[PDB]
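Next up is one chain by itself, shown in structure tokens, the form solved without the partner chain.
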């Protein structure tokens, strides 16, 4: 019981870290999504420019 609890408390520490990492990851990907959105647009207006 004392060891299981000890192993569980440690796992909680790593799961907290993993969670936080998952949340920051999602935000990064979203910000980059904004750029790509703009890139895709600027590229469409470069295609109709070359035509």
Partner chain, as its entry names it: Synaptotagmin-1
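Residues that one form lacks are left out of the comparison. Definition used throughout: the rigid core is the maximal C-alpha set that superposes within 1.5 Å between two forms. Residue numbers count along the first chain shown, from 1.
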>> Test of understanding: from the entry's C-alpha B-factors, which stretch has the higher mean, 4 to 12 or 42 to 50?
In response: 42 to 50
>> Using only C-alpha atoms and the B-factors in the entry, which stretch averages higher, 33 to 41 or 19 to 27?
In response: 33 to 41
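Just so it is clear, the following notes concern the form deposited with the partner chain bound, a form of the same protein that is not shown.
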>> Given a 4.5 Å distance limit between heavy atoms, list every residue of 4 to 35 close to the partner chain in the deposited complex, or none if there are none.
In response: 5, 6, 9, 10, 13, 14, 16, 17, 20
>> residue 7: after superposing the rigid core, is there a C-alpha shift of 2 Å or more between this form and the one not shown?
In response: yes
>> With a 2 Å cutoff on C-alpha displacement after fitting the rigid core, which stretches of 3 or more consecutive residues move between this form and the one not shown?
In response: 1 to 8
